[PDB]
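Chains as they are written, first to last, in the working numbering: chain A, 3 to 74; chain B, 3 to 74; chain C, 3 to 74.
Even for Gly, the Cβ is constructed at its ideal location relative to N, Cα and C.
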Ligand SMILES: COc1ccc(-c2ccc(CN(C(=O)c3cc(C(=O)O)c(C(=O)O)cc3C(=O)O)[C@H]3CCCc4ccccc43)cc2)cc1
């Protein structure tokens, strides 16, 4: 939730900067760089999707505690 | 659920591609890249591990929201 | 160390390897690589922060379950 979106905001922008630098370095170094940014993109996309799953559970318990508080 | 698995599968696929391409430059060249690849290999295994742990905490939201109907 | 923290620990130990490799090879490679070394640490930090939220939800579920089981 909250902190994860702020760390996403910083990390995504820095990953997009590495993709920008790849689109300015198109063979100016190892071909691996077009695979490294693409790996970091796929790793980032897992964190970006976890932002919803690790929100469903987290707001899950913050709703469920208020249902328990109707009888506790 | 089906989405996070696709992102993990794609990150696993692209890690297998990145490690294979690192093997293709057999010896010297960038050097530094032999640490970059192994970072994302460890990040991939760590993202896998918390995506496995995700299921157990998701099953606990399912268990809680079901058994709250036995509290009253 | 659970499962999770061993991969994060070996990733963390790899950042010290990748930073000393970047400090040694500071005058060779694509400029992209000096942004990757920092951005993959922001990915590690996001994985660790998400792991701390996985700890918070699975703790949360036990604290909710202790209250649900006192009335069910
Ligand atoms: C009685 O049972 C429980 C009550 C509350 C919680 C619970 C769950 C998660 C959080 C974490 N959290 C939230 O989930 C959160 C809490 C609130 C709120 O309670 O005021 C709000 C809000 O209502 O705006 C928004 C968030 C969020 O991140 O989306 C924030 C606030 C604390 C600092 C922090 C650090 C890193 C990431 C997130 C968080 C805390 C307690 C668990 C069991």
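**Q.** Short-range partners of chain B found in the region 17 to 45 of chain A, where Cβ spacing is below 9 Å
**A.** Interface annotation for the region 17 to 45 of chain A against chain B: 31, 32, 33, 34, 35, 37, 38, 40, 41, 42, 43, 44 and 45, criterion Cβ-Cβ distance under 9 Å.
Q: Whole angstroms is fine: what's the gap from residue 64 (chain C)'s alpha carbon to residue 56 (chain B)'s?
A: As a working note, residue 64 (chain C) is residue 62 in the third chain. As a working note, residue 56 (chain B) is residue 54 in the second chain. Here the alpha carbons of residue 56 (chain B) and residue 64 (chain C) stand approximately 15 Å from one another.
Q) Ordered along the chain, which non-local residues of its own chain (more than five positions away) have a Cβ less than 6 Å from that of residue 9 (chain C)? A) Here residue 9 (chain C) refers to the residue found at position 7 when the third chain is read from its first residue. Here the set comprises nothing.
(Q) Tell me which residues share the same chain as residue 72 (chain B) and place their Cβ nearer than 6 Å to its Cβ, disregarding the 5 neighbours each side in the sequence. (A) If you number the second chain from 1, residue 72 (chain B) lands on position 70. Cβ neighbours of residue 72 (chain B) within its own chain (closer than 6 Å, five residues either side excluded): none.
Q. To which residues of the same chain is residue 36 (chain A) closer than 7 Å at the C-beta, ignoring the five residues directly before and after it?
A. Taking the first residue of the first chain as position 1, residue 36 (chain A) is located at position 34. The residues are 24.
Q. Of all Cβ atoms in chain A, is any one closer than 8 Å to the Cβ of residue 66 (chain B)?
A. Within the second chain, numbered from 1, the residue matching residue 66 (chain B) stands at position 64. With 8 Å as the cut-off, residue 66 (chain B) counts as an interface residue toward chain A.
Q) Which residues bound the alpha helix (DSSP H) around residue 72 (chain B)? A) As a working mapping, residue 72 (chain B) is identified with position 70 in the second chain. Counting along the chain, residue 72 (chain B) falls outside any alpha helix (DSSP H), and DSSP gives it neither H nor E.
(Q) Rounding to the nearest angstrom, what Cα-Cα distance links residue 52 (chain B) and residue 17 (chain C) in this structure? (A) Counting from one through the second chain, the residue named residue 52 (chain B) turns up at place 50. Counting from one through the third chain, the residue named residue 17 (chain C) turns up at place 15. Note on geometry: alpha-carbon atoms of residue 52 (chain B) and residue 17 (chain C) lie some 20 Å from one another.
Q.
Just to confirm the assignment, what range does the alpha helix (DSSP H) spanning residue 14 (chain B) have?
A. Here residue 14 (chain B) refers to the residue found at position 12 when the second chain is read from its first residue. Unbroken alpha helix (DSSP H) run through residue 14 (chain B): 4 to 26.
Q: Whole angstroms is fine: what's the gap from residue 50 (chain C)'s alpha carbon to residue 67 (chain B)'s?
A: Taking the first residue of the third chain as position 1, residue 50 (chain C) is located at position 48. Taking the first residue of the second chain as position 1, residue 67 (chain B) is located at position 65. Rounded to the nearest angstrom, the two C-alpha atoms are 28 Å apart.
(Q) Rounded to the nearest angstrom, what separates residue 28 (chain A) and residue 4 (chain B) at their Cα positions? (A) Against the first chain, residue 28 (chain A) aligns to sequence position 26. Against the second chain, residue 4 (chain B) aligns to sequence position 2. Using only the alpha carbons, I get a separation of about 34 Å.
Q) Which residue from C:61, C:47, C:62 and C:58 puts its Cα closest to that of residue 1 (chain C)? A) Here chain C comprises residues numbered 3 to 74, so residue 1 (chain C) is not present and cannot be evaluated.
Q | Status (buried if at least 16 other CB within 10 Å, exposed otherwise) for residue 33 (chain B) | A | Along the second chain, one-based indexing puts residue 33 (chain B) at 31. Burial call: exposed.
Q. Would you report the Cα separation of residue 22 (chain C) and residue 7 (chain B), rounded to the nearest angstrom?
A. On the third chain, position 20 is the one that residue 22 (chain C) refers to. On the second chain, position 5 is the one that residue 7 (chain B) refers to. Pairing residue 22 (chain C) with residue 7 (chain B), the inter-Cα distance amounts to about 34 Å.
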